[PDB]
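I have placed the structure first, in the form of structure tokens, so that the comments after it can refer back to it.
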Amino acid sequence: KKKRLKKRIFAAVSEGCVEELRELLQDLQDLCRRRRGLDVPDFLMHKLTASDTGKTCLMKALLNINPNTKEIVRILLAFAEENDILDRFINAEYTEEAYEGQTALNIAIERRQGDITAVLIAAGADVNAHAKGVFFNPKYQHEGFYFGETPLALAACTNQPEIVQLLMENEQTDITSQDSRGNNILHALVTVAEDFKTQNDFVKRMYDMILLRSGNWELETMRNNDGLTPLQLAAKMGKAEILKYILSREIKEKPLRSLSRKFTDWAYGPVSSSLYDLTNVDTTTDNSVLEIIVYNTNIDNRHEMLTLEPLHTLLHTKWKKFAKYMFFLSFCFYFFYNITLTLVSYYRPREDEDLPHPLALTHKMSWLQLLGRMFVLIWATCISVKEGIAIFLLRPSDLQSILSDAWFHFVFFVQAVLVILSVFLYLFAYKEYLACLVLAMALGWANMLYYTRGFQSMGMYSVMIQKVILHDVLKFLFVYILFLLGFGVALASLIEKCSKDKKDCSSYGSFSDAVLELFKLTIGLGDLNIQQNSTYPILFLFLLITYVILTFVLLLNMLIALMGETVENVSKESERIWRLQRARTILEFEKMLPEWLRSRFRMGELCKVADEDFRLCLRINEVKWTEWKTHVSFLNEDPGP
Amino acid sequence: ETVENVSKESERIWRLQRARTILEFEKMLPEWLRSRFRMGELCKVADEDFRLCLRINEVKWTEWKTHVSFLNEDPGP
Ligand SMILES: NCCOB(c1ccccc1)c1ccccc1
Ligand SMILES: NCCOB(c1ccccc1)c1ccccc1
């Protein structure tokens, strides 16, 4: 095409040079003179825009930047103004698939140029643009930076408060606008705002700024293409610090304190009562906040989120009024359950009826000695149906929570089924009649570890059991097998190859007996009679002493293996795992609670500002001392009769 | 200092005692087909296109600056 005009400009634009560019303009003005069938638009947009990427001359002026860019934007605008093509020039996009809608306004906000940005808006740049390129990236950590693709959110995402102050004063700016993911702007701040504390933290300061700049309540009711409110999106993404704002959000004004989530009942000196607006927070709607915090597995800091005041005292009140008494009730049922399996099989009052059958319901039984056998058959089937529904529900949780929680759904289910399969085994009478019963009884007492939740230090001990058995027993066992099998070959010279003095007359297993008589020492159930040889018992015992010392050092380092911030981390994480593993039980009990008579918490519906008396459901607290202020909040009283 | 030193030094001795294995395996790896890492040879400033071997990372947030560095894009097809 002999494009000696186009590439000459884009270099001179990248230089930012003015005087060389002014020469390039009058040559192009004469080049516009040479043909006038398509006068300005379709000739200059073949000259000012790259072919493949669609990168224009103005975006090239904003990728590279030097102190002549404050002038060279004006010249490239006045060139489009003198040629009356500015609207398709100020609002041109990448035709490239990776940057679909990266406009010149986005790339000017991207380079954080506040003075140049106001010129482009005054030149008529599209403020409601959308950049739908491949920078969305499910593989997020590289080439990503999702920001909700609008020019308003991009200044909102990249700490540009003055440009947000500029863009939201433009009346053409669609603040309520959505994304390809359905995200509005408050979704976009949620999906960026990290759980780093105070990175001169701008997002919470700017999430604050957008709602107070403009907006009714009809912005956080907007759902994305997952159907999530920005409160729910802040919970599902687990961004804790932005969610400490949304659940508090006290607004001390009176045009727009209706947007506030925290209120005041009354204020009287250093004692004051706080009220929470609590709409989607409580487990009363579909996919509530506690529904999407506590059942979530993906995020790390669930405990850092449930410490927050609207979630905390609500979880305490569900605990005290409701879930404590069901837990003790479901304790005493499943505890009398396991006593019954112990008192049916292994009781034998006097002289049982010639190898009986445990769960049998024979012709004459007094109604104290077989109703317990009915009590097992009911409450095993009651458990077997319950987590059988959890097969239909917990499809992704089990593999993602590979060690943390929801194992106790399984171990209850395996224990309940093997009781029932022992009854199915009776109807066919195979060899494993007693075998499937006892593993059902052994798990039944091992299942009481699920009821070791409930006391504040009891599960905090029980989680430390679940930590060592899952993580660090297989650590120790793989080394302990190793020196076992290491010295065991060294010991099994002194069996079957050495003196032995009387042996090859006892049972079997030359290597196996040498292992086991070295393996009984860790119990302390030590045998001397296996060692009677000829003059090698000098060499036997000093070998076997170096087993005990070596398997002391494996034991002594095992205590140090749990050490390393045991003053903090082994104690505190086992506490915070426990509080999450008890808060998941409580919301599970509300699924167990029938829909009728939830006449419970969710306190009285006092006014907010508006004409309706009952506006919203509430939650009352008791906040405290210093940093006084002369309050202008609410009904100035004590709470009332 | 088991809270710090017995735990942390045993970790840092281990990372050195695993990083010595890895460079030992490259001596074990035959010279043919080391078609591996050492990413693409992009420009530096100069007239040669391939200037030097590279390594790509993914750096992050606050303390922004208006950048004047390089090819102003996302990494490319
Ligand atoms: N006073 C709070 C009592 O409830 B908390 C609680 C106690 C035991 C089990 C489950 C919850 C609690 C709730 C949220 C954050 C921290 C603790
Ligand atoms: N329909 C199944 C009920 O089983 B319950 C139960 C469910 C899961 C895990 C453990 C027990 C139960 C709950 C409260 C009190 C008593 C029992």
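FYI, nothing fancy with the structure tokens labels: chains A, B, ... in order, residues from 1 per chain, ligands from 1 as they appear.
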For ligand 1, return the neighbouring residues as a PyMOL selection string (distance at most 9 Å; only C-alpha atoms and all ligand atoms). chain A and resi 303-309+311-320+453-456+576+578-586
Within 8 Å of region 58-75 of chain A, counting only C-alpha atoms, which residues show up once you throw out same-chain ones fewer than 4 positions away? Write them as a ChimeraX atom specification, please. /A:10,13-18,79,89-90,103-104,107-108,111,116 /B:68,72
Distance filter 6 Å around ligand 2, atoms: only C-alpha atoms and all ligand atoms, out as a list in words: residues 326, 327, 329, 330, 333, 382, 383 and 386 of chain A
Identify all chain A residues at most 10 Å from chain B by counting only C-alpha atoms; ligands do not count. Present them as a ChimeraX atom specification. /A:60,62-66,98-99,110-113,134-135,141-144,158-159,194,199-202,560-569
Which residues are close to residue 39 (chain A), i.e. within 12 Å by only C-alpha atoms, leaving aside same-chain residues fewer than 6 positions away? Reply as a short mmCIF file (atom, residue, chain, number, x, y, z; two decimals) with N, CA and C atoms, in the first residue's frame.
data_model
loop_
_atom_site.label_atom_id
_atom_site.label_comp_id
_atom_site.auth_asym_id
_atom_site.auth_seq_id
_atom_site.Cartn_x
_atom_site.Cartn_y
_atom_site.Cartn_z
N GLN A 29 -2.92 16.73 4.83
CA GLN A 29 -3.96 17.62 4.32
C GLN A 29 -3.91 17.70 2.80
N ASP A 30 -2.70 17.74 2.24
CA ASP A 30 -2.56 17.65 0.79
C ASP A 30 -2.89 16.25 0.30
N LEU A 31 -2.68 15.23 1.13
CA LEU A 31 -3.04 13.88 0.73
C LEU A 31 -4.54 13.66 0.81
N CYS A 32 -5.22 14.42 1.67
CA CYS A 32 -6.68 14.44 1.62
C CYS A 32 -7.18 15.19 0.39
N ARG A 33 -6.39 16.13 -0.12
CA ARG A 33 -6.78 16.90 -1.30
C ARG A 33 -6.72 16.06 -2.57
N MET A 45 -9.12 7.12 8.62
CA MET A 45 -9.19 5.97 9.51
C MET A 45 -8.45 4.78 8.92
N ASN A 83 -11.09 18.13 10.75
CA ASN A 83 -11.54 17.21 9.73
C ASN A 83 -12.86 16.53 10.08
N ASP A 84 -13.46 16.89 11.22
CA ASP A 84 -14.84 16.56 11.59
C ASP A 84 -15.06 15.05 11.68
N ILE A 85 -14.06 14.34 12.19
CA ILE A 85 -14.10 12.90 12.36
C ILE A 85 -13.92 12.49 13.81
#
If you run DSSP over the backbone, which residues in chain B end up helix (DSSP H, G or I)? Put them as a list in words. residues 5, 6, 7, 8, 9, 10, 11, 12, 13, 14, 15, 16, 17, 18, 19, 20, 21, 22, 23, 24, 25, 26, 27 and 28 of chain B
Residue 626 (chain A) surroundings by only C-alpha atoms, 9 Å radius, close-in-sequence under 2 positions cut, as a PDB file with N, CA and C atoms, in the first residue's frame:
ATOM      1  N   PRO A 270     -21.456   7.238  77.143  1.00  0.00           N
ATOM      2  CA  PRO A 270     -20.673   6.096  76.661  1.00  0.00           C
ATOM      3  C   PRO A 270     -21.414   4.769  76.644  1.00  0.00           C
ATOM      4  N   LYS A 624     -19.866   1.110  73.435  1.00  0.00           N
ATOM      5  CA  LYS A 624     -19.229   1.575  74.670  1.00  0.00           C
ATOM      6  C   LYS A 624     -18.432   2.877  74.519  1.00  0.00           C
ATOM      7  N   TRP A 628     -16.108  10.185  72.644  1.00  0.00           N
ATOM      8  CA  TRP A 628     -17.478  10.675  72.623  1.00  0.00           C
ATOM      9  C   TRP A 628     -17.719  11.555  71.408  1.00  0.00           C
TER      10      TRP A 628
END
Which is closer to residue 607 (chain A) than all the others in A:507, A:221, A:301, A:264, using only C-alpha atoms? A:264
Considering only C-alpha atoms, return as a ChimeraX atom specification whatever protein or nucleic-acid residues lie within 10 Å of region 361-373 of chain A, sequence-local ones (same chain, fewer than 6 positions apart) excluded. /A:336-337,339-341,343-344
Store the residues of this selection in a file with N, CA, C and O atoms, as a PDB file, in the first residue's frame.
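For reference, result-v9.pdb as written:
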ATOM      1  N   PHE A 336     -26.714 -42.638  73.468  1.00  0.00           N
ATOM      2  CA  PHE A 336     -27.480 -43.821  73.853  1.00  0.00           C
ATOM      3  C   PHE A 336     -27.532 -44.829  72.717  1.00  0.00           C
ATOM      4  O   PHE A 336     -27.794 -46.015  72.943  1.00  0.00           O
ATOM      5  N   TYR A 337     -27.327 -44.360  71.488  1.00  0.00           N
ATOM      6  CA  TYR A 337     -27.191 -45.247  70.343  1.00  0.00           C
ATOM      7  C   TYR A 337     -25.996 -46.175  70.494  1.00  0.00           C
ATOM      8  O   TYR A 337     -26.118 -47.389  70.303  1.00  0.00           O
ATOM      9  N   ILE A 339     -24.215 -46.859  73.226  1.00  0.00           N
ATOM     10  CA  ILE A 339     -24.312 -47.702  74.413  1.00  0.00           C
ATOM     11  C   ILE A 339     -25.125 -48.947  74.099  1.00  0.00           C
ATOM     12  O   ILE A 339     -24.800 -50.052  74.554  1.00  0.00           O
ATOM     13  N   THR A 340     -26.150 -48.798  73.258  1.00  0.00           N
ATOM     14  CA  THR A 340     -27.045 -49.911  72.977  1.00  0.00           C
ATOM     15  C   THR A 340     -26.345 -50.994  72.173  1.00  0.00           C
ATOM     16  O   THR A 340     -26.497 -52.181  72.471  1.00  0.00           O
ATOM     17  N   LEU A 341     -25.525 -50.603  71.195  1.00  0.00           N
ATOM     18  CA  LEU A 341     -24.737 -51.588  70.461  1.00  0.00           C
ATOM     19  C   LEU A 341     -23.719 -52.270  71.358  1.00  0.00           C
ATOM     20  O   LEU A 341     -23.391 -53.445  71.157  1.00  0.00           O
ATOM     21  N   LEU A 343     -24.352 -52.653  74.655  1.00  0.00           N
ATOM     22  CA  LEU A 343     -25.131 -53.452  75.589  1.00  0.00           C
ATOM     23  C   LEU A 343     -25.988 -54.505  74.906  1.00  0.00           C
ATOM     24  O   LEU A 343     -26.682 -55.254  75.599  1.00  0.00           O
ATOM     25  N   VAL A 344     -25.988 -54.583  73.583  1.00  0.00           N
ATOM     26  CA  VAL A 344     -26.698 -55.686  72.951  1.00  0.00           C
ATOM     27  C   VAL A 344     -25.712 -56.800  72.652  1.00  0.00           C
ATOM     28  O   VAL A 344     -25.902 -57.940  73.089  1.00  0.00           O
TER      29      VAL A 344
END
I'd like the interatomic distance between CA of residue 268 (chain A) and CA of residue 251 (chain A), to a tenth of an Å. 18.6 Å
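For residue 409 (chain A), the set of protein, DNA and RNA residues having any atom at most 10 Å away, when counting only C-alpha atoms and skipping those fewer than 6 positions along the same chain, is residues 383, 386, 387, 388, 390, 391, 394, 398 and 450 of chain A.
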Quick one, how far is CA of residue 234 (chain A) from CA of residue 186 (chain A)?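 Computing it gives 9.7 Å between the two atoms.
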Using only C-alpha atoms: which of B:21, B:26, B:12, B:55 has the shortest distance to residue 39 (chain B):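 Ranked by minimum distance to residue 39 (chain B), first place goes to B:55.
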Residue neighbourhood residue 24 (chain A), 10 Å, only C-alpha atoms, exclusion window fewer than 6 positions, as a list in words: residues 5, 6, 8, 9, 12 and 18 of chain A
